[PDB]
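Here's the structure we're looking at; comments come further down.
For neighbour counting, all protein chains shown are included, and Cβ atoms are generated from backbone atoms with ideal geometry for every residue, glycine included. Read-outs throughout are calculated quantities, based only on the coordinates presented, and are distinct from any laboratory measurement.
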Amino acid sequence: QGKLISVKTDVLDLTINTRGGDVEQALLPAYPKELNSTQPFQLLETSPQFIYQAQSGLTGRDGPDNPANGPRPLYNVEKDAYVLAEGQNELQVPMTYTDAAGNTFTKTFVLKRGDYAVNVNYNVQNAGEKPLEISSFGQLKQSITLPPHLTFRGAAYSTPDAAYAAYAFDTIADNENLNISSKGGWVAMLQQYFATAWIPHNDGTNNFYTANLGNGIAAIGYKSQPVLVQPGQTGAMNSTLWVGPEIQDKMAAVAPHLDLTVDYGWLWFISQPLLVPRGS
C-alpha cells in the first residue's frame, strides 16, 4: 500500500509509486496524444491492458528492494504533488525510508526545466555496525501486446564494446536473453519518435540484461556492481532516466556515444511482415 505522487514540469507529468519509487506513468505535454487532441502523449503507463514503467531500486545483500530482505521500501514524502514553480529551473522530489536498524535510504528525483533527463539519486546512511552491501538497478518493463484498440518497438543498449545492439521483444519472449558486463553504457526501450533509457553513473562494471517476466511482459535493465557502505559513512548511487522524444543530440549529452541509427534500421526491417507473391 504505497501512494502515488504527481511530479510536474513543463515537459513531463510523472506518477511515482512510493513503494519502491517506480515511475508508473509519464505524459509529455509538448506532444499531443494524437492528431488534434487536448491530451498529452502517454509514454510510460500503468493500466489493466498495458504497462510500461521505469523501475529502480537498491538490491544486493542489504538492499531493501531485494525481495529476500522483505517487501519494497515504503518511502515517506513531504507532499502528494510536486510542480516546477515559475521562475525556478529545477525540481527536487526527495523520499526517505528508515530501515529496521536506523539505516536511512533517500531516493531523490531531480528534474530540470525543459529536460527529459531525470536524475535518480540515492543516499544510503549506514548507522549500524557492519558494512551494507548494495547494488542499484534500473529496469524498463513493457507489455508486448499494445491494447488491441478496436510502427515498431524494441530494446536497445550500448557498451564500450557494443556500438549498436538491439533485442526484439519476441527474442526476449523466447527466453533468449542478454546477460553481459558494461562499464558505463546504457539500456533503452525504443519506439518511433520516443525512447526510454537508464544511464547508470558509477565507476564499476554493470550487469546489463534483458528478461522475460512472463505473462506478456518484457524487460531490459542494469544491475550495478555491489558497493560497500561502511559503518562510518553515507553512500551514493546515481543514475539518469531518459523519458522523452528520441532526439539524439539531447540524449547524447546525457549518454556519450548515443547513436540509435542502426537500431532503428534493424527494428524497422524486422517488424515488417514477409510477403513473397506467387509468380504470375
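More than 24 Å from residue 43 (Cβ to Cβ) and touching a strand residue (DSSP E or B) at 6+ places or on another chain (Cβ under 8 Å): is that true of residue 154 in this structure? The answer is no for residue 154. Tell me yes or no: at least one residue of segment 227-241 is under 21 Å from residue 53 (Cα atoms), more than 14 Å from the chain's Cα centre (by Cα) and crowded, with 20+ Cβ neighbours inside 10 Å. The answer is yes, given that some residue of segment 227-241 is under 21 Å from residue 53 (Cα atoms), more than 14 Å from the chain's Cα centre (by Cα) and crowded, with 20+ Cβ neighbours inside 10 Å. Residue by residue through segment 218-234, note down the ones that are part of a loop (DSSP other than H, G, I, E, B) and of a type in the set (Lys, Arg). Across segment 218-234, there are no qualifying residues. Within segment 183-217, the residues that satisfy the criterion of being part of a loop (DSSP other than H, G, I, E, B) and more than 13 Å from residue 52 (Cβ to Cβ) are 183, 184, 185, 192, 193, 202, 203, 204, 205, 215. Please tell me if residue 6 is crowded, with 20+ Cβ neighbours inside 10 Å, in contact with an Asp or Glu (Cβ under 8 Å, 6 or more places away or on another chain), within 23 Å of residue 97 (Cβ to Cβ) and of a type in the set (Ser, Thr, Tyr). Criteria not met by residue 6. If I filter segment 15-40 down to residues being part of a loop (DSSP other than H, G, I, E, B) and surrounded by 13 or more Cβ atoms within 10 Å (Cβ to Cβ), which single residue comes out as nearest to the chain's Cα centre (by Cα)? Among those residues, the one meeting the criterion is 22.
Within segment 166-182, does at least one residue satisfy the condition of being in contact with an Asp or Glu (Cβ under 6 Å, 6 or more places away or on another chain), surrounded by fewer than 18 Cβ atoms within 10 Å (Cβ to Cβ) and not in a strand (DSSP E or B)? Scanning segment 166-182 turns up no residue that is in contact with an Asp or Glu (Cβ under 6 Å, 6 or more places away or on another chain), surrounded by fewer than 18 Cβ atoms within 10 Å (Cβ to Cβ) and not in a strand (DSSP E or B).
Considered as a group, the residues in segment 206-226 that are in contact with a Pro (Cβ under 9 Å, 6 or more places away or on another chain) and among the polar types (S, T, N, Q) include one that is surrounded by the most Cβ atoms within 10 Å (Cβ to Cβ), and that residue is 206. Considered as a group, the residues in segment 114-165 that are in a loop (DSSP other than H, G, I, E, B) and acidic (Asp, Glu) include one that is surrounded by the most Cβ atoms within 10 Å (Cβ to Cβ), and that residue is 115.
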